[PDB]
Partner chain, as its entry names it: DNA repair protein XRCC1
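Next up: a single chain in structure tokens, the form deposited without its partner chain.
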């Protein structure tokens, strides 16, 4: 229906999922003039999404990502040069434009054994907000932050989505690799490993055993190591299309 048409639209709102879009249509909330008017029935996230509906439909150009990643790397370095920050996504692969920013972050103090340190992530969010790069928050957990940022003007940029994830240092590389993609690439490399007697997921790489259902993480200090384990020439992110 021209109304099903409505759920389609809604769901284009960050924060607004289906079940969630369904109901607002029962409340008779379809256009977003509807929504604007009715902030009271939306959560913080949905509201933020609504707030930058437009801006969020815009794609990010490399030049912008470049600058964005520098603010981010620069600032985290100031807090503690021992922090490792990596901007992933197609961007890392050379992409000419992007849809949002995905920052993977880590620290040697934080390992999968530790597993418990929000301040580690909060400290940086805070610093980014203080710099005024991060302008809003959608949601913010102990290990993941979803928000909005904006390059500063001097005279305007649209608001963009940014995500910061804090991963244990011991799973960081698998993670970066993983979030680096592409999808196919990932698929192709998992396939191979397997052929090599290993199973790789976004956090680990473990040797298989007989019967299959086997494991025990091998240490990884770099992306290179994963490729060594299955003995593949290392592929620079740029050669990661498939």
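Residue numbers count along the first chain shown, from 1.
FYI, the form solved in complex with its partner chain isn't displayed, but the following is about it.
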Interface membership of residue 209, its partner chain in the entry with it bound, 4.5 Å heavy atom rule: yes
Would residue 20 count as touching its partner chain in the entry with it bound under a 4.5 Å heavy atom rule? no
Distance check, residue 229 to its partner chain in the entry with it bound, heavy atom within 4.5 Å: yes
With a 4.5 Å heavy atom cut-off, would you call residue 198 a contact of its partner chain in the entry with it bound? yes
Report the residue, out of 70, 216, 27, 183, that has at least one non-hydrogen atom within 4.5 angstroms of its partner chain in the entry with it bound. 216
Heavy atom contact within 4.5 Å of its partner chain in the entry with it bound, the stretch among 40 to 48, 201 to 209, 173 to 181, 53 to 61: 201 to 209
